[PDB]
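Chemist: The file below is upload02.csv, CSV, C-alpha atoms:
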chain,number,residue,atom,x,y,z
A,145,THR,CA,98.3,105.8,113.5
A,146,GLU,CA,96.1,105.4,116.6
A,147,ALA,CA,94.4,108.7,117.2
A,148,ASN,CA,93.9,108.7,121.0
A,149,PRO,CA,95.4,106.6,123.9
A,150,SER,CA,92.0,105.0,124.0
A,151,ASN,CA,92.2,103.5,120.5
A,152,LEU,CA,95.0,101.5,122.1
A,153,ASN,CA,94.5,97.9,123.3
A,154,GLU,CA,94.9,96.5,126.8
A,155,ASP,CA,98.5,95.3,126.5
A,156,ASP,CA,99.9,98.3,124.4
A,157,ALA,CA,98.4,101.1,126.5
A,158,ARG,CA,99.9,99.6,129.7
A,159,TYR,CA,103.2,98.2,128.5
A,160,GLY,CA,104.1,100.1,125.3
A,161,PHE,CA,104.2,98.9,121.7
A,162,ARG,CA,106.1,95.8,120.7
A,163,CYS,CA,109.4,96.1,119.0
A,164,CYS,CA,111.4,93.9,116.7
A,165,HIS,CA,113.5,90.9,117.9
A,166,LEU,CA,117.2,91.3,117.7
A,167,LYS,CA,118.2,91.1,114.1
A,168,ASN,CA,119.0,87.6,112.8
A,169,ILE,CA,118.3,85.7,109.6
A,170,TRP,CA,114.5,85.4,110.2
A,171,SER,CA,113.9,88.5,112.3
A,172,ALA,CA,115.5,90.8,109.9
A,173,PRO,CA,114.6,89.7,106.4
A,174,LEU,CA,114.3,91.7,103.2
A,175,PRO,CA,111.1,93.8,103.1
A,176,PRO,CA,108.4,91.3,102.1
A,177,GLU,CA,107.6,93.2,98.9
A,178,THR,CA,111.2,92.8,97.6
A,179,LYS,CA,111.4,92.4,93.9
A,180,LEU,CA,112.3,88.8,92.9
A,181,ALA,CA,112.2,89.4,89.1
A,182,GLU,CA,111.9,92.5,86.9
A,183,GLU,CA,109.9,92.1,83.7
A,184,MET,CA,110.7,94.2,80.7
A,185,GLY,CA,108.5,94.7,77.6
A,186,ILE,CA,109.8,93.1,74.4
A,187,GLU,CA,108.4,93.4,70.9
A,188,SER,CA,107.8,90.0,69.2
A,189,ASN,CA,111.2,89.3,67.6
A,190,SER,CA,113.4,92.1,68.8
A,191,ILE,CA,114.6,93.8,72.0
A,192,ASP,CA,115.8,97.3,72.6
A,193,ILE,CA,119.2,96.7,74.2
A,194,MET,CA,119.4,100.5,74.8
A,195,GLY,CA,116.0,100.2,76.5
A,196,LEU,CA,117.1,97.1,78.4
A,197,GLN,CA,119.8,99.4,79.6
A,198,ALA,CA,117.6,102.0,81.2
A,199,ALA,CA,115.4,99.1,82.4
A,200,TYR,CA,118.2,97.9,84.6
A,201,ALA,CA,119.1,101.4,85.8
A,202,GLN,CA,115.5,102.1,86.7
A,203,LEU,CA,115.3,98.8,88.6
A,204,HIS,CA,118.3,99.9,90.5
A,205,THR,CA,116.7,103.1,91.7
A,206,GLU,CA,113.7,101.0,92.8
A,207,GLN,CA,115.9,98.5,94.7
A,208,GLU,CA,118.1,101.1,96.4
A,209,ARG,CA,114.8,102.4,97.8
A,210,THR,CA,113.1,99.1,98.7
A,211,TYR,CA,116.2,97.9,100.5
A,212,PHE,CA,117.3,101.0,102.5
A,213,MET,CA,115.7,104.2,101.3
A,214,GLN,CA,112.1,103.8,102.3
A,215,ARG,CA,112.2,107.0,104.5
A,216,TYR,CA,112.4,110.4,102.8
A,217,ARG,CA,115.4,111.4,104.8
A,218,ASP,CA,117.3,108.3,103.7
A,219,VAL,CA,116.5,109.2,100.0
A,220,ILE,CA,117.8,112.7,100.3
A,221,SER,CA,120.9,111.6,102.3
A,222,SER,CA,121.4,109.3,99.4
A,223,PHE,CA,122.1,112.2,97.1
A,224,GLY,CA,124.5,113.5,99.7
A,225,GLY,CA,122.2,116.1,101.2
A,226,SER,CA,120.6,116.5,104.6
A,227,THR,CA,117.3,117.1,106.3
A,228,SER,CA,116.3,118.9,109.4
A,229,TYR,CA,114.4,116.9,111.9
A,230,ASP,CA,111.6,119.3,111.2
A,231,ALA,CA,111.6,118.2,107.5
A,232,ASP,CA,109.9,114.9,108.1
A,233,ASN,CA,108.7,115.8,111.6
A,234,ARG,CA,110.9,113.2,113.4
A,235,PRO,CA,111.7,113.0,117.0
A,236,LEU,CA,115.3,113.9,117.7
A,237,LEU,CA,117.4,111.1,119.1
A,238,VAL,CA,119.4,112.9,121.8
A,239,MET,CA,121.1,109.9,123.4
A,240,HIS,CA,121.1,106.1,123.2
A,241,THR,CA,122.8,103.8,125.6
A,242,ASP,CA,122.5,100.0,126.2
A,243,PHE,CA,123.9,97.2,128.2
A,244,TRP,CA,123.7,93.5,129.2
A,245,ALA,CA,121.8,92.7,132.3
A,246,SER,CA,123.6,90.1,134.5
A,247,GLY,CA,123.2,89.0,138.1
A,248,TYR,CA,123.6,85.9,140.3
A,249,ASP,CA,122.1,82.6,141.4
A,250,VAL,CA,120.7,82.1,144.8
A,251,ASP,CA,121.4,78.6,146.2
A,252,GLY,CA,118.8,76.3,147.7
A,253,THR,CA,119.6,75.3,151.2
A,254,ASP,CA,116.7,73.2,152.6
A,255,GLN,CA,116.1,69.4,152.5
A,256,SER,CA,114.3,69.6,149.1
A,257,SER,CA,115.6,72.9,147.7
A,258,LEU,CA,119.2,72.0,148.4
A,259,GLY,CA,120.8,71.8,145.0
A,260,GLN,CA,118.4,74.1,143.3
A,261,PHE,CA,119.1,77.6,142.1
A,262,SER,CA,117.1,80.8,141.3
A,263,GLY,CA,118.5,83.4,139.0
A,264,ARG,CA,118.2,87.0,140.2
A,265,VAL,CA,119.1,89.3,137.2
A,266,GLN,CA,120.1,92.7,138.7
A,267,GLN,CA,122.3,95.1,136.7
A,268,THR,CA,123.3,98.7,137.7
A,269,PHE,CA,123.6,101.3,135.0
A,270,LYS,CA,124.1,105.0,134.0
A,271,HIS,CA,122.3,106.7,131.1
A,272,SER,CA,123.9,110.1,130.7
A,273,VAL,CA,122.6,112.8,128.3
A,274,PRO,CA,125.1,115.6,127.5
A,275,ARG,CA,123.9,119.2,127.9
A,276,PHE,CA,121.3,119.8,125.2
A,277,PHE,CA,120.0,123.0,123.8
A,278,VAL,CA,116.2,123.1,123.5
A,279,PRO,CA,115.3,125.4,120.6
A,280,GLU,CA,111.5,125.2,120.9
A,281,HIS,CA,109.0,124.3,123.7
A,282,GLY,CA,108.6,120.5,123.8
A,283,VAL,CA,109.2,117.2,125.6
A,284,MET,CA,112.2,115.2,126.5
A,285,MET,CA,111.1,111.6,126.6
A,286,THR,CA,113.2,108.7,127.8
A,287,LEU,CA,112.2,105.1,127.1
A,288,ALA,CA,113.6,101.7,127.8
B,145,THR,CA,141.6,53.8,80.3
B,146,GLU,CA,143.3,50.7,78.8
B,147,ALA,CA,143.2,48.0,81.5
B,148,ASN,CA,146.3,45.9,80.7
B,149,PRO,CA,149.4,46.5,78.6
B,150,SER,CA,147.9,44.1,76.2
B,151,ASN,CA,144.9,46.2,75.4
B,152,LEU,CA,147.5,48.5,73.9
B,153,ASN,CA,148.2,48.6,70.1
B,154,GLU,CA,151.4,47.8,68.3
B,155,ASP,CA,152.8,51.4,68.1
B,156,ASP,CA,151.7,52.6,71.6
B,157,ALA,CA,153.0,49.6,73.6
B,158,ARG,CA,156.4,49.9,72.0
B,159,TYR,CA,156.8,53.6,71.6
B,160,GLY,CA,154.6,55.3,74.2
B,161,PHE,CA,151.3,57.3,73.8
B,162,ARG,CA,151.2,60.2,71.4
B,163,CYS,CA,151.2,63.7,72.8
B,164,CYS,CA,150.1,67.1,71.6
B,165,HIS,CA,152.0,69.1,69.0
B,166,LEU,CA,153.6,72.3,70.3
B,167,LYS,CA,150.8,74.8,71.0
B,168,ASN,CA,149.9,77.1,68.1
B,169,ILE,CA,146.7,78.4,66.6
B,170,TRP,CA,145.5,75.0,65.3
B,171,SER,CA,147.1,72.6,67.7
B,172,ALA,CA,145.9,74.4,70.8
B,173,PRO,CA,142.3,75.5,70.1
B,174,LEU,CA,139.4,76.0,72.5
B,175,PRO,CA,137.9,72.8,73.8
B,176,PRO,CA,135.7,71.6,70.9
B,177,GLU,CA,132.5,71.7,73.1
B,178,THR,CA,133.0,75.5,73.7
B,179,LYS,CA,129.8,77.4,74.0
B,180,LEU,CA,129.2,79.7,71.0
B,181,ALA,CA,125.9,81.1,72.2
B,182,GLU,CA,123.9,80.8,75.5
B,183,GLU,CA,120.2,80.7,75.1
B,184,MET,CA,117.9,82.0,77.9
B,185,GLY,CA,114.2,81.4,78.3
B,186,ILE,CA,111.9,84.3,77.7
B,187,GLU,CA,108.2,84.7,78.2
B,188,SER,CA,106.3,85.9,75.2
B,189,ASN,CA,106.4,89.6,75.5
B,190,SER,CA,108.6,90.1,78.6
B,191,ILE,CA,112.1,89.2,79.9
B,192,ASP,CA,113.3,89.0,83.5
B,193,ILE,CA,116.2,91.4,83.5
B,194,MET,CA,117.0,90.1,87.0
B,195,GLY,CA,117.0,86.6,85.6
B,196,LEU,CA,119.0,87.7,82.6
B,197,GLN,CA,121.5,88.7,85.2
B,198,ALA,CA,121.9,85.4,86.9
B,199,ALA,CA,121.8,83.9,83.4
B,200,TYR,CA,125.1,85.6,82.6
B,201,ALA,CA,126.7,84.8,85.9
B,202,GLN,CA,125.8,81.2,85.5
B,203,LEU,CA,127.3,81.2,82.0
B,204,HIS,CA,130.4,82.6,83.5
B,205,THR,CA,130.9,79.7,85.9
B,206,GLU,CA,130.3,77.4,83.0
B,207,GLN,CA,132.9,79.1,80.8
B,208,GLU,CA,135.5,79.4,83.6
B,209,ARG,CA,135.3,75.6,83.8
B,210,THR,CA,135.1,74.8,80.0
B,211,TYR,CA,138.2,77.0,79.4
B,212,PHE,CA,140.6,76.1,82.2
B,213,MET,CA,138.9,74.3,85.1
B,214,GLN,CA,138.1,71.0,83.7
B,215,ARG,CA,140.2,69.2,86.3
B,216,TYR,CA,138.9,69.1,90.0
B,217,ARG,CA,142.1,70.5,91.3
B,218,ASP,CA,141.9,73.5,89.0
B,219,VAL,CA,138.4,74.2,90.2
B,220,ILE,CA,139.4,74.1,93.9
B,221,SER,CA,142.5,76.1,93.2
B,222,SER,CA,140.1,78.6,91.6
B,223,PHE,CA,138.5,79.2,95.0
B,224,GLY,CA,141.9,79.8,96.4
B,225,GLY,CA,142.3,76.4,98.0
B,226,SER,CA,144.6,73.5,97.5
B,227,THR,CA,144.6,69.7,96.9
B,228,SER,CA,147.0,67.0,97.9
B,229,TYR,CA,148.2,64.9,95.0
B,230,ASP,CA,146.3,62.1,96.8
B,231,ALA,CA,143.0,64.0,96.4
B,232,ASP,CA,142.6,63.3,92.7
B,233,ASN,CA,145.2,60.6,92.6
B,234,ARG,CA,147.7,62.4,90.4
B,235,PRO,CA,151.3,61.5,89.8
B,236,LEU,CA,153.6,64.0,91.4
B,237,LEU,CA,155.7,66.0,89.0
B,238,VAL,CA,159.0,66.0,90.7
B,239,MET,CA,161.2,67.6,88.0
B,240,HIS,CA,160.8,68.8,84.5
B,241,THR,CA,163.7,69.9,82.2
B,242,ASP,CA,163.9,70.6,78.5
B,243,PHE,CA,166.2,71.7,75.7
B,244,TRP,CA,166.8,72.1,72.0
B,245,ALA,CA,168.7,69.4,70.2
B,246,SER,CA,171.3,70.8,67.9
B,247,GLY,CA,174.2,69.2,66.0
B,248,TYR,CA,176.3,69.5,62.8
B,249,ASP,CA,176.4,68.7,59.2
B,250,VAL,CA,178.8,66.1,57.7
B,251,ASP,CA,180.2,67.2,54.3
B,252,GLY,CA,180.2,65.0,51.2
B,253,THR,CA,183.7,64.4,49.8
B,254,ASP,CA,183.4,62.0,46.9
B,255,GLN,CA,182.8,62.6,43.1
B,256,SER,CA,179.1,62.5,43.5
B,257,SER,CA,178.6,63.3,47.2
B,258,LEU,CA,180.8,66.3,47.1
B,259,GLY,CA,178.5,69.2,47.9
B,260,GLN,CA,176.0,67.2,49.8
B,261,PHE,CA,175.5,67.3,53.5
B,262,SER,CA,173.9,65.1,56.2
B,263,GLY,CA,172.7,66.4,59.5
B,264,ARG,CA,173.7,64.6,62.6
B,265,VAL,CA,171.6,66.0,65.5
B,266,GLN,CA,173.5,65.3,68.7
B,267,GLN,CA,172.9,67.2,71.9
B,268,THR,CA,174.3,66.6,75.4
B,269,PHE,CA,172.2,67.3,78.5
B,270,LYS,CA,171.8,67.0,82.2
B,271,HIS,CA,168.5,66.2,84.0
B,272,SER,CA,168.9,66.8,87.7
B,273,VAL,CA,166.3,65.9,90.4
B,274,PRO,CA,166.9,67.6,93.8
B,275,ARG,CA,166.9,65.3,96.8
B,276,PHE,CA,163.3,64.1,97.2
B,277,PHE,CA,161.5,62.6,100.2
B,278,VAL,CA,159.5,59.5,99.4
B,279,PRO,CA,156.6,59.4,101.9
B,280,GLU,CA,155.1,56.0,100.7
B,281,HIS,CA,156.3,53.0,98.8
B,282,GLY,CA,156.1,53.7,95.1
B,283,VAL,CA,157.8,54.4,91.8
B,284,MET,CA,160.0,57.2,90.4
B,285,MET,CA,159.4,57.3,86.7
B,286,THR,CA,161.3,59.4,84.2
B,287,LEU,CA,160.1,59.8,80.7
B,288,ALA,CA,161.2,61.8,77.6
Turn this file's structure into C-alpha cells for me.
Modeler:
Amino acid sequence: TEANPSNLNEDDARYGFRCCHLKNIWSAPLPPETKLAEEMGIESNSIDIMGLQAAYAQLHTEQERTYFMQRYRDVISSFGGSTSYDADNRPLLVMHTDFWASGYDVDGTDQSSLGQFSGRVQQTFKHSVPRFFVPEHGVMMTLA
Amino acid sequence: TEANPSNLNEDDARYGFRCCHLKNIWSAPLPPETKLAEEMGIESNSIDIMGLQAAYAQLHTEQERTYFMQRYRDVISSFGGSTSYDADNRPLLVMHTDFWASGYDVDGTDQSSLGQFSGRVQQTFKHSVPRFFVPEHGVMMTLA
C-alpha cells in the first residue's frame, strides 16, 4: 500500500519489490489460513443431517475461495462470467515472455589460474509486443 | 499351522482337511468380524465435518479389506499391481477342472426287492494339465 516512493525502503526503491521463488512444495504452499477442520453445531443427542448437508456445501464455497478465488475477478469467472480490467482496476498484461539465461566458461591460463573457470552468463533475447490499441491515456510499463 | 503329520487327528490325517460347503446364504456369509457400525469421536457440541470426511474414507479402506482383501496379494492387486507366487509363498494353481457325478439306478427284481432301486453314481472324467515349465525343484500335487 505504500503511498509515496519515499515510504519505500533502501533496497525496494532501488531494486524493485521482491517476488516469489519458483513454485515448489515449500515456496508454493496452501494459503496459511487454510481450513484444517470445519466445526458444525450439534444439539446434545441429535444432529441435523439436512443441516450437516448445507454445512458441507457452505464449507465448499469457502474452500473454493480460500484455494483459488481470493480475487474478485476469479470469483466472477467462477460463475462463468467476465470482468473488465476496469472492474477491479487491474493493470492489463499485454505481453509476457521468458527464457533461460545460458553462457560459457572462461578458462584460466596462468600458473595458478590454469585449471580454474569463471562462468559468464550471457543470453540474447527478443521480447515482442503485438500492435496494441490504447483506449485511454496511460502508461506502457515493461519490467523484468 | 500343524507342525507335523502327527499333530493331525484321526479323520484329517486319513481323509484330508475339511473344506467349505458350496457357497449359499448361510455357508458363505460376511466375515464374522464385519463392521456393523463405525463410531467417530465428537466434541461436545460440535463435529468436524472435514474429519467426518476422512472418517468415512478410512472406514472404506477398512471394509475393502475385511470384505475381499484379507490376503496380501489381493491388497496389492487392488492397487493394480502383481505378486509372484514367491512373494507370499503360495502354491501355484496349475490346473483346476470339475464336473457333476451322475450314474444310474439298479432295479430290484426279487419277491421283496421288486420295486426298489439302488443308485450307483459312476462318472468318467479327464483332468488335463497343459505342458508346464518347472522353474525350481519341487512337487506337483493333485487333489480332489
Chemist: Quick one: of A:269, A:212, A:277, A:200, who's nearest to chain B, counting all atoms listed in the file?
Modeler: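 Among the listed residues, A:200 lies closest to chain B.
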Chemist: Kindly determine which residues of chain B lie within 7 Å of chain A, considering all atoms listed in the file, and give the answer as a list in words.
Modeler: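 Matching residues, ligands excluded from the count: residues 189, 190, 191, 192, 193, 194 and 195 of chain B.
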Chemist: So how far away is atom CA of residue A:238 from atom CA of residue A:273, in Å?
Modeler: 7.2 Å
Chemist: Go through A:247, A:279, A:231, A:274 and flag the residue nearest residue A:262, using all atoms listed in the file for the distances.
Modeler: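 Among the listed residues, the smallest separation from residue A:262 belongs to A:247.
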Chemist: Excluding same-chain residues fewer than 4 positions from residue B:287, what lies within 12 Å of it counting only C-alpha atoms, as a list in words?
Modeler: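 Listing them by chain and then by number gives residues 159, 160, 161, 237, 238, 239, 240, 241, 242 and 271 of chain B.
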